[PDB]
Participant: 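If you scroll down you'll find the structure; I have some questions about it.
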Amino acid sequence: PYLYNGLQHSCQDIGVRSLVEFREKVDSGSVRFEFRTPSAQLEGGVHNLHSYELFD
Amino acid sequence: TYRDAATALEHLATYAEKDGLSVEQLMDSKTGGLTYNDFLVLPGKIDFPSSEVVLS
Amino acid sequence: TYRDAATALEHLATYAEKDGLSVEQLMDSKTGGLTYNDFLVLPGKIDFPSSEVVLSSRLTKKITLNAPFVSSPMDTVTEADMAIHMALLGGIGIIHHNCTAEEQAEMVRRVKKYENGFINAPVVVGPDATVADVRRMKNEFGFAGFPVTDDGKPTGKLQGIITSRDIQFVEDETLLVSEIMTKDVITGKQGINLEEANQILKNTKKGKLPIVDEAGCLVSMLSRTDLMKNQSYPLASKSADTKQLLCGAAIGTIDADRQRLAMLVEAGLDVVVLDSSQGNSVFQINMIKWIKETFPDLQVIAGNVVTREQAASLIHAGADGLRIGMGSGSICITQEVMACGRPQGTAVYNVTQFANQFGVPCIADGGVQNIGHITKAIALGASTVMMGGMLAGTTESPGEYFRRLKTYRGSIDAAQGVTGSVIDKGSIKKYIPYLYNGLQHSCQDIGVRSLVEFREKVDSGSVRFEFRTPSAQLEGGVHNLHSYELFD
Amino acid sequence: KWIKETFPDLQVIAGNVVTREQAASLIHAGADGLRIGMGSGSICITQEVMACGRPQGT
Amino acid sequence: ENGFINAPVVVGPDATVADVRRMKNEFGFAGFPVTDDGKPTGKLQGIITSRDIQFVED
Amino acid sequence: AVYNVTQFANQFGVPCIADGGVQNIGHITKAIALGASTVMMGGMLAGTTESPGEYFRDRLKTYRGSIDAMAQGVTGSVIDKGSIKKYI
Ligand SMILES: Nc1ncnc2c1ncn2[C@@H]1O[C@H](COP(=O)(O)OP(=O)(O)OP(=O)(O)O)[C@@H](O)[C@H]1O
Ligand SMILES: Nc1nc2c(ncn2[C@@H]2O[C@H](COP(=O)(O)OP(=O)(O)O)[C@@H](O)[C@H]2O)c(=O)[nH]1
Ligand SMILES: Nc1nc2c(ncn2[C@@H]2O[C@H](COP(=O)(O)OP(=O)(O)O)[C@@H](O)[C@H]2O)c(=O)[nH]1
Ligand SMILES: Nc1nc2c(ncn2[C@@H]2O[C@H](COP(=O)(O)OP(=O)(O)O)[C@@H](O)[C@H]2O)c(=O)[nH]1
Ligand SMILES: Nc1nc2c(ncn2[C@@H]2O[C@H](COP(=O)(O)OP(=O)(O)O)[C@@H](O)[C@H]2O)c(=O)[nH]1
Ligand SMILES: Nc1nc2c(ncn2[C@@H]2O[C@H](COP(=O)(O)O)[C@@H](O)[C@H]2O)c(=O)[nH]1
Ligand SMILES: Nc1nc2c(ncn2[C@@H]2O[C@H](COP(=O)(O)O)[C@@H](O)[C@H]2O)c(=O)[nH]1
């Protein structure tokens with residue numbers, strides 16, 4: 001249920017109401033992407049912290 | 001002088017293509033050989049709750 | 001044979017374009033997806049000192065700061081203490097909303113009341129109160145200068161004034177205020193303007209100057225220490241009319257936060273930030289339209305956004321500023337959890353290239369840990385930069401120290417984030433001037449006399465950049481050393 | 001300029017520079033040599049602190 | 001911390017505001033009795049303190 | 001050392017400082033329990049705001065008969081501790 005709910009929120013952030021709509025919006029060029037430089041992958045996660053302790 | 005906020009959406013037209021990459025532009029092999037951590041999906045417009053998303 | 005040195009500058013002409021890259025050449029996405037550490041700004045020509053650099057920066061269409069520094073709305077960074085000092089030192093703080101609406105408005109209230117010109121509705125006391133009561137009020141409010149009114153109300157008849165030195169060494173805490181208060185109080189007649197009332201205050205060398213009307217009723221008061229706070233902080237961010245420090249606050253976009261905003265507005269809020277991981281939503285658009293016509297004098301910063309299309313939407317809604325960043329923040333996982341986000345450098349450039357055309361300043365939010373990131377964020381189009389982890393661990397940030405570290409947190413505790421810890425950093429009364437001075441020197445190295453000139457020289461192709469290979473990032477920092485031990 | 005006409009027999013190395021435009025300026029001033037590098041040094045942080053510098057090879 | 005400040009730091013009437021500000025930075029306090037000869041045991045002519053020089057522009 | 005010096009010194013009303021090896025409250029109690037009249041603190045109080053010097057690896061302050069001071073000692077570093085107005 002956590003992965004399920006998580007995928008729902010991510011589809012919302014992208015602006016698609018369903019995975020079927022997700023597939024159509026990608027093939028039509030509506031959904032957009034960005035290449036990931038090794039430095040941006042560090043930003044996307046945790047960085048610049050002494051320690052860090054998802055669900056439950 | 002600046003542009004009128006009323007024209008913000010009208011002004012999006014003056015740009016060649018949408019911000020970001022289409023999936024085609026992201027996956028051509030000659031420009032290549034990437035995995036999940038090498039790209040992000042850009043966000044769109046939200047006009048529905050996350051509980052409304054179908055994952056069929 | 002060689003060329004004559006006389007022709008060195010003439011020979012620069014024979015080259016197609018200037019050494020390095022323009023910002024356009026640096027940010028095309030097809031050749032892509034880069035962040036602050038992937039590029040440098042090339043130096044220019046220095047013909048001025050670093051003290052000459054102006055760092056005036058637009059926070060919204062109407063608000064300008066003397067420094068482009070904005071403390072982030074997180075319950076481990078920005079409450080009243082942080083917001084007050086960020087404002088005094090040339091920036092502004094955005095108070096967090098991880099608290100009830102009454103608690104957040106009180107925090108705003110304490111920021112707006114820290115420094116005044118005319119203290120409106122000053123805390124008063126009745127003649128029946130005791131020394132024990134006046135001591136309790138000092139512990140609650142932080143000051144002890146209380147005009148004494150006949151009915152105990154701010155607008156009652158002025159009977160006297162009591163201050164720290166009137167109760168300092170009083171042994172009997174049961175005495176009445178009326179017995180030890182100073183009754184012959186020097187005042188100024190209402191209608192007197194600020195410059196005139198400041199002069200009366202100065203000449204008496206007294207702490208306060210209550211303002212009274214013709215009936216003898218209190219209306220406002222002046223404090224000698226507000227004249228001191230001004231002299232100590234000549235760059236403070238404060239309203240020109242009221243002389244109070246500018247204060248900001250974050251809210252959600254659900255129904256309950258419409259009443260929340262009203263209570264913040266009541267408390268004197270100057271700018272509101274719409275706190276959202278993905279701001280281009282119908283819920284936030286409606287909020288922006290509703291704030292422009294319900295509190296038109298309030299400046300609205302929408303966000304977060306990372307794309308040109310998002311910016312167009314929220315600008316068209318009437319946004320006065322944009323907050324840029326999605327997942328680039330320290331202790332932020334939206335990109336791992338939602339697969340959705342953007343490299344911060346690329347987000348700033350492509351939003352600000354669009355937003356600046358409409359005169360909508362943008363906050364570069366997330367991923368900032370040092371002076372170089374600030375410089376680069378502005379170089380790409382940002383007008384200010386938001387700081388979270390950098391300022392967490394300072395003395396002004398809210399919390400208690402404890403493997404010196406402070407716990408740092410939008411996680412399940414507050415999942416699109418994590419809980420963590422940052423190191424102690426001392427007071428921002430030293431740290432902010434350091435970033436300020438540091439940005440001045442970097443503007444000198446680049447050859448720009450101001451951030452406004454910085455923005456023009458980038459867009460014209462004057463300022464140049466260079467792509468950063470993973471190997472050059474190691475050169476730019478420390479390398480090839482056994483150990484290494486900034487400021488202080 | 002002041003060293004070339006006050007101690008003409010003294011050789012002057014100017015720097016540091018990392019761009020063609022910088023070099024042209026200091027050569028036009030009469031430099032006899034150029035010192036190249038900004039932030040590429042061991043224990044050097046100008047690039048982190050000033051955001052300004054350049055990869056050394058380039 | 002004192003009870004009776006033995007030999008308190010004094011100032012002469014010839015000293016200026018600029019001088020009293022320098023002394024505040026050196027010694028850390030601005031409460032100066034003013035003596036006719038500038039010596040601690042001179043005749044008392046007055047006293048000057050933080051509030052007497054705080055907002056003086058000359 | 002504390003016990004055997006103080007067992008003799010206290011008989012003459014000569015208070016003794018228990019000097020060295022103190023890092024927490026428990027050492028202070030034990031020092032006094034064995035005969036000491038006061039306790040001297042070095043590393044404990046280094047790294048506080050009132051202690052002299054400046055901060056700077058891996059909030060630390062350099063500490064310390066060391067060759068630098070002048071070898072019967074070493075040079076080191078201690079952690080920041082805040083003000084003794086709370087610590088004492
Ligand atoms: N505006 C005033 N008119 C007349 N008497 C005043 C006025 N303000 C203060 N006093 C009197 O002067 C003394 C306090 O002056 P002030 O209020 O200027 O000192 P404070 O407020 O005690 O600050 P500090 O802590 O530096 O003394 C008290 O005895 C008070 O009654
Ligand atoms: N009572 C009071 N007067 C102030 C305050 N701040 C500025 N002033 C007055 O406003 C005038 C100009 O102040 P200035 O330093 O030039 O600019 P400002 O700090 O932005 O207001 C001066 O006469 C000040 O006495 C304040 O906080 N309280
Ligand atoms: N006395 C008083 N000060 C206030 C009030 N509201 C805000 N302040 C501010 O709190 C500060 C008080 O400083 P100070 O006068 O030195 O404290 P006090 O001597 O005990 O009154 C001033 O900057 C005031 O502008 C109020 O209602 N009463
Ligand atoms: N002027 C001045 N008087 C003091 C000082 N310390 C104590 N006194 C006075 O000496 C008397 C006794 O003070 P007390 O409370 O017993 O503390 P103690 O004197 O320090 O032991 C009181 O009248 C105090 O006001 C001081 O440092 N300066
Ligand atoms: N004013 C003054 N204070 C002294 C002197 N020597 C020691 N002190 C101590 O310094 C402190 C100064 O008090 P403070 O309230 O700072 O006075 P001010 O700043 O000069 O108004 C007091 O505890 C004094 O006993 C001196 O020579 N002049
Ligand atoms: N994706 C995500 N971003 C957050 C969260 N909390 C704060 N942020 C962003 O991260 C910024 C601070 O990041 P920092 O400056 O520490 O790198 C904040 O100003 C805010 O924009 C969260 O829970 N999830
Ligand atoms: N940015 C910067 N460069 C320095 C500093 N000190 C020395 N350098 C440069 O670094 C060079 C030595 O670097 P190394 O050869 O150890 O890699 C020096 O010759 C000088 O050019 C400094 O404090 N800041």
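Protein chains get the first letters and strands the later ones, always in sequence-line order, with residue 1 at the start of each.
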Participant: With a 4.5 Å cut-off on side-chain heavy atoms, are A:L54 and C:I333 touching?
Facilitator: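 When only atoms from C-beta onward are counted, A:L54 and C:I333 do touch, with a gap below 4.5 Å.
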Participant: Supply the atom-to-atom distance C:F467 CZ to A:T37 OG1, rounded to the nearest 0.5 angstrom.
Facilitator: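 Spacing of CZ (C:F467) from OG1 (A:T37) equals 10.0 Å.
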Participant: Without hydrogens or angle criteria, can the side chains of C:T35 and A:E43 be said to hold a donor-acceptor pair below 3.5 Å?
Facilitator: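 There is such a pair between these side chains.
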Participant: Using side-chain heavy atoms (C-beta onward) and a distance below 4.5 Å, is C:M326 in contact with A:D13?
Facilitator: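 A side-chain contact exists here, since the closest heavy-atom pair is under 4.5 Å.
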Participant: With distance as the sole test, does A:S10 use its side chain to make a donor-acceptor pair with the main-chain N or O of C:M338 at under 3.5 Å?
Facilitator: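 Flag set: sc A:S10 to bb C:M338 pair under 3.5 Å.
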Participant: Report yes if some heavy atom in the side chain of C:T307 is under 4.5 Å from a heavy atom in the side chain of A:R32; otherwise report no.
Facilitator: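 Heavy-atom side-chain distance check fails, nothing below 4.5 Å.
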Participant: Answer whether the closest heavy-atom distance between the side chains of A:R36 and C:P343 falls below 4.5 Å.
Facilitator: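 Side chain of A:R36 against side chain of C:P343, heavy atoms only: no contact under 4.5 Å found.
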Participant: Going through the checks in order, is the side chain to side chain contact (heavy atoms under 4.5 Å, CB included) test met by A:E53 and C:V418?
Facilitator: CA-CA 7 Å; A:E53 55 274 352; C:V418 300; over 6 Å; no
Participant: About how many Å separate OG of C:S277 and NE2 of A:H9, when rounded to the nearest 0.5 Å?
Facilitator: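 Reported value, rounded in 0.5 Å steps: 8.5 Å.
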Participant: Do C:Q278 and A:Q12 make a side-chain contact, defined as non-hydrogen atoms from C-beta onward lying under 4.5 Å apart?
Facilitator: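 No, their side chains stay 4.5 Å or more apart.
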Participant: Quick one: list whatever passes side chain to side chain donor-acceptor pair (under 3.5 Å) with C:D275, sequence neighbours left out.
Facilitator: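 Expected list: C:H97, C:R323.
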